[PDB]
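Student: Quick one: structure below, then a few questions.
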Protein chains: 2
Amino acid sequence: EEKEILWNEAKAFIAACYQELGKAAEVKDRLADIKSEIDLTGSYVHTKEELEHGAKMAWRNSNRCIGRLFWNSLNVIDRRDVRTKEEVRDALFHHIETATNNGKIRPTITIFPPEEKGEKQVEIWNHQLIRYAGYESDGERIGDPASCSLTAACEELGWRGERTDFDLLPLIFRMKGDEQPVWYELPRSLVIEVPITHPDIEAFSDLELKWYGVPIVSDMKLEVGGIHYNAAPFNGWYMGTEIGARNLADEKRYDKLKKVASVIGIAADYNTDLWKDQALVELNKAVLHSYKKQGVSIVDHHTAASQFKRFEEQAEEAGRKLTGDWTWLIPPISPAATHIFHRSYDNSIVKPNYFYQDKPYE
Amino acid sequence: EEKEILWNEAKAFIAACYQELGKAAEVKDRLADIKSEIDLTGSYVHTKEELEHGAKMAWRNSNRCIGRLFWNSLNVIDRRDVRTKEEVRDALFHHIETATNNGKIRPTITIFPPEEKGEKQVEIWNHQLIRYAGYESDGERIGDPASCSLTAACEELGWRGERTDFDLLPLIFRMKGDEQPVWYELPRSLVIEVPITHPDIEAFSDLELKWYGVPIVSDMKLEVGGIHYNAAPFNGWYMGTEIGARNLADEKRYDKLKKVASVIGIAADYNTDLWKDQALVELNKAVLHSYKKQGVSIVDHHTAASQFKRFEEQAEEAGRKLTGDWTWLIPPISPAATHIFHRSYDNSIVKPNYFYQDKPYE
Ligand code: HEM
Ligand code: HEM
Ligand SMILES: Nc1ccc2ccc(CCNCCc3cccc(F)c3)cc2n1
Ligand SMILES: Nc1ccc2ccc(CCNCCc3cccc(F)c3)cc2n1
Ligand SMILES: C[C@H](O)[C@H](O)[C@H]1CNc2nc(N)[nH]c(=O)c2N1
Ligand SMILES: C[C@H](O)[C@H](O)[C@H]1CNc2nc(N)[nH]c(=O)c2N1
Ligand SMILES: [Cl-]
Ligand SMILES: [Cl-]
């Protein structure tokens with residue numbers, strides 16, 4: 001009954017995958033051995049080629065992603081061989097190192113063993129491999145409020161943060177058979193951070209802002225041909241707005257706009273002065289400038305939008321239907337200055353794809 | 001068969017309308033005389049009260065409108081008595097004068113005779129009562145490109161613009177029975193315009209930018225209880241972004257960002273400089289400052305969003321379901337700085353409401 005669902009997703013995936021790979025004739029045979037493997041074993045195993053391409057397709061089908069133009073150059077690391085938590089840790093450590101690449105970020109995914117009977121083999125608790133802790137007790141707010149629950153969960157497990165605004169959370173994941181996850185402190189040598197400075201305004205450094213170089217989302221499920229890789233951390237490079245317009249700007253995050261307004265020497269008293277808008281722009285100029293000055297890869301929303309237009313064109317030229325989430329594709333600053341704002345997108349879900357899954361904590 | 005459709009929309013409207021007006025007991029009687037009027041005559045006539053409230057409800061149900069908090073103070077002018085084109089013109093002239101109110105803009109609607117058998121009594125060709133002409137021939141682009149087709153249509157009818165970037169289009173409308181519309185030049189004395197200057201940057205005036213004080217949309221159909229008022233021009237005051245972020249900024253409109261960047265003394269060479277974003281902010285600061293300095297009503301997107309939050313609260317407190325179009329409610333600058341961005345809205349269409357209708361020209 002579940003062999004059914006698996007079989008249909010499998011048929012659809014192999015057909016599309018081998019078609020794209022120019023291996024159309026191999027399909028019929030490949031489906032046979034798959035159908036056989038399903039009957040006897042309950043599931044099937046992807047070849048390295050299928051898995052590599054599947055992850056790339058998944059990125060291509062991510063409606064909310066503006067950076068999809070480079071779907072085909074995704075660096076896929078196959079770690080389905082891991083069995084121990086030391087291996088998982090070392091693989092996670094390695095992902096960080098190779099994705100970072102001294103600042104020349106390589107879009108990478110590391111793929112761990114998939115679910116068996118819906119039973120996880122590895123269960124990553126981090127939202128990103130690199131993320132700042134968040135604390136809130138009596139009156140006191142420290143760090144990233146988005147990290148409050150995971151931070152408290154880590155501190156249940158014997159970890160303790162220094163309670164700076166930028167404590168690096170430890171890696172935290174659970175192996176099948178264990179009741180509790182384990183946690184490992186990150187080697188500082190592996191984690192690139194960027195101090196935020198401004199090209200014109202020397203006072204901007206007084207804010208003592210910084211962010212991490214590489215966003216590595218690690219709580220999403222990669223689905224490929226009926227196979228559920230619940231643990232498959234992936235990364236790209238940042239679009240500046242993600243940091244300057246949200247992470248540092250949102251009132252429910254770091255909430256820096258009033259402070260930005262002060263150091264750039266404008267008043268924050270009247271809405272009609274548009275001080276938030278002005279602060280947002282200077283803060284976002286600062287983020288791009290800082291990353292570029294350090295030699296850490298990053299893209300601005302305009303260039304990113306230009307690239308996404310190429311992606312649209314490429315999709316059409318290749319005879320592929322385009323899907324997208326307009327509400328997530330438009331950047332949070334000057335969205336009407338991008339072509340994205342002025343057209344609409346079909347928000348249909350196509351597989352392979354990346355999905356949300358329930359948090360183990362909370 | 002059409003008496004049916006009319007009757008159902010009527011029943012629904014009267015029930016809701018008299019409920020809101022505290023006149024619940026009058027409903028049963030009101031429905032009787034309505035049902036009778038439908039049978040014999042094919043339609044029915046709204047009382048001044050019903051019509052006034054209906055227009056207010058329509059504004060309340062406008063999913064795309066951020067300014068809905070003040071739905072209940074809409075100034076409704078009942079011009080269902082008009083029969084001649086001189087009367088229509090004078091009513092349109094009067095709408096402009098009273099809505100403008102020396103700069104202290106009053107949200108107003110003027111309601112003309114509704115459709116009979118789907119047959120229009122009056123047919124307004126203008127998109128707004130006050131709008132700038134647009135021209136494009138060989139290489140030459142002049143004025144508002146959004147006005148190109150209507151401008152060419154007016155020039156078919158014997159009108160001629162001076163071909164400045166800000167030619168006021170004449171009022172153009174057609175009376176039932178006439179094959180062609182008529183056109184009337186606007187008295188300059190009735191039209192307030194605002195020159196765009198900047199609070200800090202004196203050079204900003206070199207751009208010679210200006211806009212009109214009052215946006216009076218005149219091509220939408222007001223629908224109330226099955227009755228189709230195809231000609232019912234309405235106005236509010238401007239949100240600054242409408243002018244500074246779209247009308248003057250869009251590449252397919254006035255396309256001023258590169259020029260703004262120059263007069264404010266920044267380079268327009270690199271995307272990572274965010275010069276468009278910076279230009280957008282200074283241009284939008286200029287628009288708000290200029291309108292306020294002239295004493296012409298206007299709102300910024302933050303204040304407008306604050307007001308719309310009150311509208312949400314008011315809707316809930318009154319037991320009314322809220323409907324909205326997220327893609328139109330978010331402002332085109334700093335949308336993530338408003339609460340609108342961070343929640344979702346139900347985009348259901350509720351009547352009474354304002355609708356698009358086909359252009360008579362093109
Ligand atoms: C190469 C540079 C990349 C850039 C600049 C980029 C840009 C973005 C941005 C700005 C978002 C919106 C995130 C937010 O609003 O929080 C996004 C969403 C997303 N991106 Fe990308 N991306 C890149 C690479 C990738 C890669 C390598 C993958 C995976 C293979 C990926 C998959 C996604 C997914 C799944 C989402 C949506 C996540 C969610 O719904 O929460 N992207 N991308
Ligand atoms: C009082 C001040 C008002 C403000 C600041 C305001 C603000 C806005 C804004 C910014 C838009 C988006 C327009 C665009 O993106 O092109 C909008 C749409 C709209 N507003 Fe309002 N509005 C106001 C009053 C009114 C009034 C009096 C009515 C009618 C009774 C109205 C009905 C609408 C409608 C129907 C739309 C959508 C039109 C369309 O879909 O093209 N608004 N409003
Ligand atoms: N630059 C990139 C590259 C790949 C990405 C892949 C996924 C995402 C989504 C990250 N945000 C998800 C929503 C979320 C979840 C948890 C906390 C938050 F603040 C926000 C962002 C990306 N950014
Ligand atoms: N400030 C206000 C008040 C009421 C409004 C009522 C309606 C509208 C919609 C105006 N724009 C409609 C879309 C459109 C149509 C035609 C040309 C364009 F450039 C744009 C704007 C309003 N702005
Ligand atoms: C496709 C998209 O809905 C369309 O381009 C919208 C986007 N949001 C908008 N929002 C406003 N206020 N005005 C507009 O004209 C548009 N255009
Ligand atoms: C309701 C709405 O879809 C939600 O708040 C979205 C809006 N668009 C977004 N766009 C991006 N890129 N990231 C987000 O977190 C959100 N939040
Ligand atoms: Cl992030
Ligand atoms: Cl307008």
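Residues in the structure tokens are numbered from 1 in each chain, the chains being A, B, ... in the order shown, and ligands are numbered from 1 in the order shown.
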What are the coordinates of chain A as a tab-separated table (two decimals) with C-alpha atoms, in the first residue's frame following a least-squares fit to chain B on all in-order C-alpha atoms?

Tutor:
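And here is the file that came out, result_3.tsv:
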```
chain	number	residue	atom	x	y	z
A	1	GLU	CA	-33.72	34.82	-15.58
A	2	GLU	CA	-31.72	37.98	-14.92
A	3	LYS	CA	-34.40	39.13	-12.51
A	4	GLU	CA	-33.20	36.12	-10.55
A	5	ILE	CA	-29.56	37.20	-10.29
A	6	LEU	CA	-30.66	40.72	-9.40
A	7	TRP	CA	-33.05	39.47	-6.71
A	8	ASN	CA	-30.45	37.36	-4.89
A	9	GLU	CA	-27.81	40.10	-4.85
A	10	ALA	CA	-30.57	42.43	-3.65
A	11	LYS	CA	-31.72	40.18	-0.80
A	12	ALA	CA	-28.15	39.71	0.40
A	13	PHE	CA	-27.35	43.41	0.22
A	14	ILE	CA	-30.46	44.76	1.97
A	15	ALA	CA	-30.11	42.23	4.79
A	16	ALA	CA	-26.49	43.18	5.45
A	17	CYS	CA	-27.10	46.90	4.87
A	18	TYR	CA	-30.13	47.35	7.11
A	19	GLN	CA	-28.49	45.15	9.73
A	20	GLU	CA	-25.49	47.48	9.82
A	21	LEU	CA	-27.79	50.51	9.88
A	22	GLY	CA	-29.81	49.24	12.84
A	23	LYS	CA	-32.89	49.04	10.61
A	24	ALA	CA	-33.40	45.27	10.79
A	25	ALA	CA	-37.19	45.40	11.11
A	26	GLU	CA	-37.59	47.43	7.92
A	27	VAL	CA	-35.93	44.66	5.88
A	28	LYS	CA	-39.00	42.46	5.28
A	29	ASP	CA	-41.01	45.41	3.97
A	30	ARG	CA	-38.09	46.75	1.93
A	31	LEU	CA	-37.63	43.37	0.25
A	32	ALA	CA	-41.31	43.27	-0.69
A	33	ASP	CA	-41.31	46.59	-2.55
A	34	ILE	CA	-38.00	45.56	-4.12
A	35	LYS	CA	-39.35	42.20	-5.28
A	36	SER	CA	-42.36	44.01	-6.72
A	37	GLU	CA	-40.23	46.62	-8.46
A	38	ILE	CA	-38.14	43.83	-9.99
A	39	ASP	CA	-41.12	41.86	-11.35
A	40	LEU	CA	-42.77	44.80	-13.04
A	41	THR	CA	-39.80	46.91	-14.08
A	42	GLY	CA	-36.85	44.52	-14.38
A	43	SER	CA	-34.84	46.35	-11.73
A	44	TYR	CA	-35.09	48.48	-8.60
A	45	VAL	CA	-33.90	51.83	-7.27
A	46	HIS	CA	-31.70	52.35	-4.21
A	47	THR	CA	-32.67	54.92	-1.61
A	48	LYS	CA	-30.04	57.58	-0.89
A	49	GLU	CA	-29.25	55.82	2.39
A	50	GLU	CA	-28.80	52.40	0.79
A	51	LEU	CA	-26.66	53.87	-1.96
A	52	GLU	CA	-24.50	55.84	0.46
A	53	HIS	CA	-23.92	52.82	2.68
A	54	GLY	CA	-23.43	50.54	-0.34
A	55	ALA	CA	-20.57	52.65	-1.66
A	56	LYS	CA	-19.00	52.59	1.79
A	57	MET	CA	-19.32	48.80	1.97
A	58	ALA	CA	-17.74	48.53	-1.47
A	59	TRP	CA	-14.70	50.47	-0.27
A	60	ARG	CA	-14.60	48.23	2.82
A	61	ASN	CA	-14.50	45.14	0.61
A	62	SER	CA	-11.66	46.34	-1.63
A	63	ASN	CA	-9.02	43.66	-0.99
A	64	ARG	CA	-6.25	45.71	-2.60
A	65	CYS	CA	-6.82	48.91	-0.63
A	66	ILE	CA	-4.57	49.76	2.32
A	67	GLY	CA	-6.57	52.89	3.17
A	68	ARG	CA	-9.80	51.14	4.10
A	69	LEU	CA	-9.78	52.27	7.77
A	70	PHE	CA	-11.79	55.35	6.83
A	71	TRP	CA	-14.44	53.54	4.78
A	72	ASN	CA	-17.26	54.97	6.92
A	73	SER	CA	-16.44	58.63	6.29
A	74	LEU	CA	-16.68	58.40	2.48
A	75	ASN	CA	-18.41	61.48	1.07
A	76	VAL	CA	-21.05	60.19	-1.36
A	77	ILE	CA	-22.53	62.48	-4.01
A	78	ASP	CA	-25.72	61.21	-5.64
A	79	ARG	CA	-25.84	62.34	-9.28
A	80	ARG	CA	-28.28	59.74	-10.60
A	81	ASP	CA	-30.34	62.70	-11.83
A	82	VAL	CA	-27.99	63.60	-14.70
A	83	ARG	CA	-29.36	63.36	-18.24
A	84	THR	CA	-27.15	65.67	-20.28
A	85	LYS	CA	-23.42	65.80	-21.01
A	86	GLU	CA	-23.25	69.34	-19.63
A	87	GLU	CA	-24.56	67.97	-16.33
A	88	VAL	CA	-22.04	65.11	-16.39
A	89	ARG	CA	-19.19	67.52	-17.08
A	90	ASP	CA	-20.26	69.94	-14.36
A	91	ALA	CA	-20.62	67.05	-11.90
A	92	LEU	CA	-17.12	65.85	-12.78
A	93	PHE	CA	-15.80	69.40	-12.43
A	94	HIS	CA	-17.52	69.62	-9.05
A	95	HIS	CA	-16.11	66.29	-7.86
A	96	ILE	CA	-12.60	67.61	-8.51
A	97	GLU	CA	-13.29	70.86	-6.64
A	98	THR	CA	-14.91	69.37	-3.53
A	99	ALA	CA	-12.59	66.36	-3.25
A	100	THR	CA	-9.58	68.67	-3.51
A	101	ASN	CA	-10.88	71.06	-0.85
A	102	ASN	CA	-7.94	73.48	-1.12
A	103	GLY	CA	-5.56	70.57	-0.47
A	104	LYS	CA	-7.42	69.11	2.51
A	105	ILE	CA	-8.58	66.15	0.41
A	106	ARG	CA	-12.01	64.64	1.11
A	107	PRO	CA	-12.47	60.99	0.05
A	108	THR	CA	-15.43	61.35	-2.31
A	109	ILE	CA	-17.45	59.35	-4.80
A	110	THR	CA	-19.87	60.75	-7.39
A	111	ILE	CA	-22.47	58.20	-8.45
A	112	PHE	CA	-24.03	58.49	-11.91
A	113	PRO	CA	-27.08	56.60	-13.29
A	114	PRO	CA	-26.51	52.81	-13.23
A	115	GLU	CA	-26.73	50.46	-16.20
A	116	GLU	CA	-30.25	49.58	-17.30
A	117	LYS	CA	-30.24	46.40	-19.40
A	118	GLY	CA	-26.46	46.31	-19.16
A	119	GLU	CA	-26.77	49.44	-21.28
A	120	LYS	CA	-24.59	52.28	-20.03
A	121	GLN	CA	-26.19	55.67	-19.46
A	122	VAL	CA	-22.83	57.38	-19.10
A	123	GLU	CA	-19.47	55.94	-20.14
A	124	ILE	CA	-16.34	57.59	-18.73
A	125	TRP	CA	-13.19	57.02	-20.82
A	126	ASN	CA	-10.65	58.57	-18.42
A	127	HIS	CA	-8.71	56.29	-16.09
A	128	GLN	CA	-8.47	59.15	-13.64
A	129	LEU	CA	-10.25	62.51	-13.95
A	130	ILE	CA	-6.79	64.04	-13.67
A	131	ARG	CA	-4.07	62.22	-15.61
A	132	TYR	CA	-1.12	63.23	-17.81
A	133	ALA	CA	-1.03	62.49	-21.54
A	134	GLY	CA	1.50	60.12	-23.08
A	135	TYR	CA	3.07	60.16	-26.53
A	136	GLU	CA	5.37	57.81	-28.41
A	137	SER	CA	6.22	58.10	-32.09
A	138	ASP	CA	9.58	57.66	-33.83
A	139	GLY	CA	12.12	57.41	-31.02
A	140	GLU	CA	10.34	60.13	-29.07
A	141	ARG	CA	8.81	59.31	-25.68
A	142	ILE	CA	6.86	62.09	-23.96
A	143	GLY	CA	4.69	62.09	-20.84
A	144	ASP	CA	3.04	59.11	-19.15
A	145	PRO	CA	3.35	55.95	-21.31
A	146	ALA	CA	0.39	54.50	-19.40
A	147	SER	CA	-1.69	57.22	-21.07
A	148	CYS	CA	-0.52	56.52	-24.64
A	149	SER	CA	-3.64	54.80	-25.96
A	150	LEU	CA	-6.17	57.20	-24.40
A	151	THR	CA	-4.09	60.17	-25.57
A	152	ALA	CA	-4.11	58.88	-29.15
A	153	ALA	CA	-7.86	58.30	-28.82
A	154	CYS	CA	-8.43	61.88	-27.66
A	155	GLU	CA	-6.30	63.15	-30.53
A	156	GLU	CA	-8.55	61.20	-32.89
A	157	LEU	CA	-11.40	63.32	-31.57
A	158	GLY	CA	-9.89	66.72	-32.34
A	159	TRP	CA	-7.97	67.33	-29.13
A	160	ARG	CA	-4.25	68.14	-29.26
A	161	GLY	CA	-1.75	68.15	-26.41
A	162	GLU	CA	1.17	70.55	-26.14
A	163	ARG	CA	3.44	67.52	-25.82
A	164	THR	CA	4.99	68.53	-22.53
A	165	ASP	CA	5.70	65.69	-20.09
A	166	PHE	CA	2.67	66.81	-18.10
A	167	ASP	CA	-0.20	67.61	-20.48
A	168	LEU	CA	-3.51	67.35	-18.62
A	169	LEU	CA	-5.82	65.01	-20.51
A	170	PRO	CA	-9.31	66.38	-21.17
A	171	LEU	CA	-12.35	64.78	-19.58
A	172	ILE	CA	-13.71	62.33	-22.12
A	173	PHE	CA	-17.00	60.47	-21.78
A	174	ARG	CA	-19.85	59.17	-23.94
A	175	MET	CA	-23.60	59.61	-23.39
A	176	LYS	CA	-26.10	56.88	-24.23
A	177	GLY	CA	-27.35	57.36	-27.78
A	178	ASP	CA	-24.20	59.07	-29.02
A	179	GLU	CA	-21.75	57.23	-31.25
A	180	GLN	CA	-18.75	59.26	-30.12
A	181	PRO	CA	-17.72	60.54	-26.69
A	182	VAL	CA	-17.22	64.26	-26.09
A	183	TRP	CA	-14.19	65.92	-24.55
A	184	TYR	CA	-13.74	68.96	-22.31
A	185	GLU	CA	-10.47	70.66	-21.43
A	186	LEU	CA	-9.94	70.93	-17.64
A	187	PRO	CA	-9.96	74.38	-16.05
A	188	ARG	CA	-6.44	74.80	-14.65
A	189	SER	CA	-7.97	76.59	-11.65
A	190	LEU	CA	-9.51	73.30	-10.49
A	191	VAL	CA	-6.37	71.19	-10.70
A	192	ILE	CA	-3.82	71.32	-7.89
A	193	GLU	CA	-0.33	70.16	-8.83
A	194	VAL	CA	2.70	69.74	-6.58
A	195	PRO	CA	6.26	70.54	-7.70
A	196	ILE	CA	8.68	67.97	-6.27
A	197	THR	CA	11.47	69.38	-4.13
A	198	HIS	CA	13.77	67.80	-1.53
A	199	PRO	CA	14.19	68.92	2.11
A	200	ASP	CA	18.01	68.74	1.97
A	201	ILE	CA	19.04	68.64	-1.68
A	202	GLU	CA	18.40	71.94	-3.47
A	203	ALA	CA	19.46	70.43	-6.79
A	204	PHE	CA	16.42	68.14	-6.75
A	205	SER	CA	14.32	70.93	-8.28
A	206	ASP	CA	16.47	70.72	-11.44
A	207	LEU	CA	14.55	67.56	-12.31
A	208	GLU	CA	11.43	69.69	-12.74
A	209	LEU	CA	9.22	66.91	-11.41
A	210	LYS	CA	5.59	67.40	-10.41
A	211	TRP	CA	2.41	65.40	-9.88
A	212	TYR	CA	-1.29	66.11	-9.46
A	213	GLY	CA	-2.82	66.41	-6.01
A	214	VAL	CA	-5.79	64.08	-6.27
A	215	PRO	CA	-6.09	60.57	-7.73
A	216	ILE	CA	-9.68	60.15	-8.91
A	217	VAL	CA	-10.17	56.70	-10.43
A	218	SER	CA	-13.02	56.90	-12.92
A	219	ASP	CA	-13.00	53.67	-14.95
A	220	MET	CA	-14.20	51.19	-12.30
A	221	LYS	CA	-17.67	49.71	-11.83
A	222	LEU	CA	-19.34	50.06	-8.44
A	223	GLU	CA	-21.60	47.08	-7.79
A	224	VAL	CA	-24.28	47.39	-5.12
A	225	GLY	CA	-27.01	44.81	-4.55
A	226	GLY	CA	-27.16	43.70	-8.16
A	227	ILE	CA	-27.12	47.25	-9.49
A	228	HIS	CA	-24.23	48.14	-11.79
A	229	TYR	CA	-22.98	51.71	-11.47
A	230	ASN	CA	-20.40	51.58	-14.27
A	231	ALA	CA	-19.75	55.30	-13.85
A	232	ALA	CA	-18.85	56.22	-10.28
A	233	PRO	CA	-15.57	58.18	-9.95
A	234	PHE	CA	-13.97	57.97	-6.51
A	235	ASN	CA	-10.92	59.41	-4.78
A	236	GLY	CA	-8.83	59.22	-1.64
A	237	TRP	CA	-5.53	60.93	-0.99
A	238	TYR	CA	-2.21	59.55	-2.20
A	239	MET	CA	0.16	57.22	-0.43
A	240	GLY	CA	3.57	58.65	-1.31
A	241	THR	CA	4.85	55.35	-2.75
A	242	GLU	CA	2.21	55.51	-5.50
A	243	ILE	CA	4.00	58.55	-6.89
A	244	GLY	CA	7.60	58.17	-5.78
A	245	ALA	CA	7.96	54.42	-6.17
A	246	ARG	CA	5.79	53.72	-9.21
A	247	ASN	CA	4.46	56.64	-11.30
A	248	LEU	CA	7.79	58.44	-11.36
A	249	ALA	CA	10.00	55.34	-10.89
A	250	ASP	CA	8.75	52.50	-13.13
A	251	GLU	CA	10.79	52.08	-16.32
A	252	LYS	CA	7.48	51.82	-18.18
A	253	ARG	CA	6.34	55.10	-16.61
A	254	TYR	CA	8.42	58.21	-15.97
A	255	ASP	CA	11.66	56.26	-15.36
A	256	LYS	CA	13.43	58.93	-13.26
A	257	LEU	CA	15.72	56.86	-11.01
A	258	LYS	CA	18.91	57.43	-13.01
A	259	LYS	CA	18.23	61.16	-13.03
A	260	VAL	CA	17.43	61.13	-9.31
A	261	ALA	CA	20.73	59.34	-8.67
A	262	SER	CA	22.58	62.07	-10.54
A	263	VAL	CA	21.05	65.09	-8.75
A	264	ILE	CA	21.54	63.47	-5.34
A	265	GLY	CA	25.17	63.01	-6.32
A	266	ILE	CA	25.62	59.24	-6.28
A	267	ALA	CA	26.89	56.93	-9.02
A	268	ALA	CA	24.53	54.69	-10.98
A	269	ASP	CA	27.14	52.22	-12.20
A	270	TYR	CA	27.00	49.22	-9.84
A	271	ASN	CA	24.13	47.09	-8.55
A	272	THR	CA	25.96	46.48	-5.26
A	273	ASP	CA	25.90	50.22	-4.54
A	274	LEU	CA	22.11	49.88	-4.29
A	275	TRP	CA	21.78	53.23	-6.09
A	276	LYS	CA	18.23	52.45	-7.22
A	277	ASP	CA	17.21	51.75	-3.63
A	278	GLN	CA	18.86	54.94	-2.40
A	279	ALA	CA	17.34	56.94	-5.26
A	280	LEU	CA	13.91	55.47	-4.49
A	281	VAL	CA	14.17	56.58	-0.86
A	282	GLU	CA	15.27	60.14	-1.63
A	283	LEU	CA	12.61	60.46	-4.33
A	284	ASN	CA	9.94	59.22	-1.91
A	285	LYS	CA	11.17	61.54	0.84
A	286	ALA	CA	10.88	64.32	-1.73
A	287	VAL	CA	7.28	63.50	-2.64
A	288	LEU	CA	6.04	63.43	0.97
A	289	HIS	CA	7.95	66.60	1.84
A	290	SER	CA	6.58	68.42	-1.21
A	291	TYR	CA	2.93	67.53	-0.64
A	292	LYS	CA	3.16	68.42	3.06
A	293	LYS	CA	4.89	71.71	2.24
A	294	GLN	CA	2.12	72.66	-0.18
A	295	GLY	CA	-0.62	71.66	2.24
A	296	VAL	CA	-1.95	68.83	0.10
A	297	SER	CA	-3.05	65.69	1.95
A	298	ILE	CA	-0.85	62.59	1.64
A	299	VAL	CA	0.16	59.59	3.76
A	300	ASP	CA	3.40	57.60	4.02
A	301	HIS	CA	3.34	53.81	3.74
A	302	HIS	CA	4.23	53.26	7.42
A	303	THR	CA	1.43	55.44	8.79
A	304	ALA	CA	-0.88	53.94	6.16
A	305	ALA	CA	0.08	50.45	7.35
A	306	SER	CA	-0.50	51.46	10.99
A	307	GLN	CA	-3.96	52.65	9.97
A	308	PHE	CA	-4.64	49.40	8.10
A	309	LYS	CA	-3.73	47.43	11.24
A	310	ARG	CA	-6.41	49.44	13.05
A	311	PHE	CA	-8.74	48.49	10.19
A	312	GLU	CA	-7.95	44.81	10.80
A	313	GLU	CA	-8.64	45.25	14.52
A	314	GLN	CA	-11.85	47.17	13.79
A	315	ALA	CA	-13.06	44.46	11.41
A	316	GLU	CA	-12.50	41.78	14.04
A	317	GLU	CA	-14.09	43.77	16.88
A	318	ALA	CA	-17.16	44.27	14.69
A	319	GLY	CA	-17.38	40.55	13.90
A	320	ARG	CA	-16.59	41.14	10.23
A	321	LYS	CA	-14.41	38.74	8.26
A	322	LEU	CA	-11.39	40.48	6.73
A	323	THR	CA	-10.39	40.08	3.09
A	324	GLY	CA	-7.25	41.38	1.40
A	325	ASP	CA	-4.81	41.02	-1.49
A	326	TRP	CA	-1.34	40.61	0.04
A	327	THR	CA	0.41	41.32	-3.27
A	328	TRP	CA	-1.23	44.76	-3.49
A	329	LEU	CA	-1.35	45.64	0.21
A	330	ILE	CA	2.41	45.51	0.78
A	331	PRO	CA	4.03	48.84	-0.19
A	332	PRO	CA	6.70	48.76	-2.96
A	333	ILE	CA	9.33	50.17	-0.61
A	334	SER	CA	10.48	48.57	2.65
A	335	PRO	CA	7.52	46.17	2.68
A	336	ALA	CA	9.09	43.96	5.39
A	337	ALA	CA	9.02	46.99	7.71
A	338	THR	CA	5.22	46.80	7.77
A	339	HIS	CA	3.11	44.23	9.62
A	340	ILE	CA	1.28	43.55	6.35
A	341	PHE	CA	4.29	41.68	4.94
A	342	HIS	CA	4.41	39.30	7.91
A	343	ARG	CA	0.83	38.03	7.83
A	344	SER	CA	-1.43	36.61	5.13
A	345	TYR	CA	-4.88	37.67	3.92
A	346	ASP	CA	-7.92	35.93	2.47
A	347	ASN	CA	-8.37	37.22	-1.09
A	348	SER	CA	-12.07	36.37	-1.35
A	349	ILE	CA	-14.29	38.78	-3.28
A	350	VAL	CA	-17.17	40.18	-1.22
A	351	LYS	CA	-19.90	42.45	-2.62
A	352	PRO	CA	-20.65	45.40	-2.70
A	353	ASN	CA	-17.32	46.17	-4.38
A	354	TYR	CA	-15.45	48.04	-7.11
A	355	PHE	CA	-14.55	46.14	-10.29
A	356	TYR	CA	-12.57	46.43	-13.50
A	357	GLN	CA	-14.53	46.83	-16.71
A	358	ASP	CA	-13.40	46.79	-20.34
A	359	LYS	CA	-11.99	49.97	-21.85
A	360	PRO	CA	-14.22	51.48	-24.57
A	361	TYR	CA	-11.18	52.54	-26.59
A	362	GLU	CA	-8.43	50.10	-27.70
```

Student: Going by DSSP on the backbone, which bits of segment 101-340 of chain B are helix (DSSP H, G or I)? Write them as JSON, numbers by chain, please.

Tutor: {"B": [101, 102, 103, 145, 146, 147, 148, 149, 150, 151, 152, 153, 154, 155, 156, 188, 189, 190, 202, 203, 204, 205, 206, 207, 240, 241, 242, 243, 244, 245, 246, 247, 257, 258, 259, 260, 261, 262, 263, 271, 272, 273, 275, 276, 277, 278, 279, 280, 281, 282, 283, 284, 285, 286, 287, 288, 289, 290, 291, 292, 293, 294, 301, 302, 303, 304, 305, 306, 307, 308, 309, 310, 311, 312, 313, 314, 315, 316, 317, 326, 327, 328, 329, 335, 336, 337, 339, 340]}

Student: Output as JSON, numbers by chain all residues of segment 126-285 of chain A that backbone DSSP marks as strand (DSSP E or B).

Tutor: {"A": [128, 132, 134, 135, 136, 141, 142, 143, 168, 171, 172, 173, 174, 175, 182, 183, 184, 193, 194, 195, 210, 211, 212, 216, 217, 221, 222, 223, 224, 227, 228, 229, 234, 235, 238, 239]}
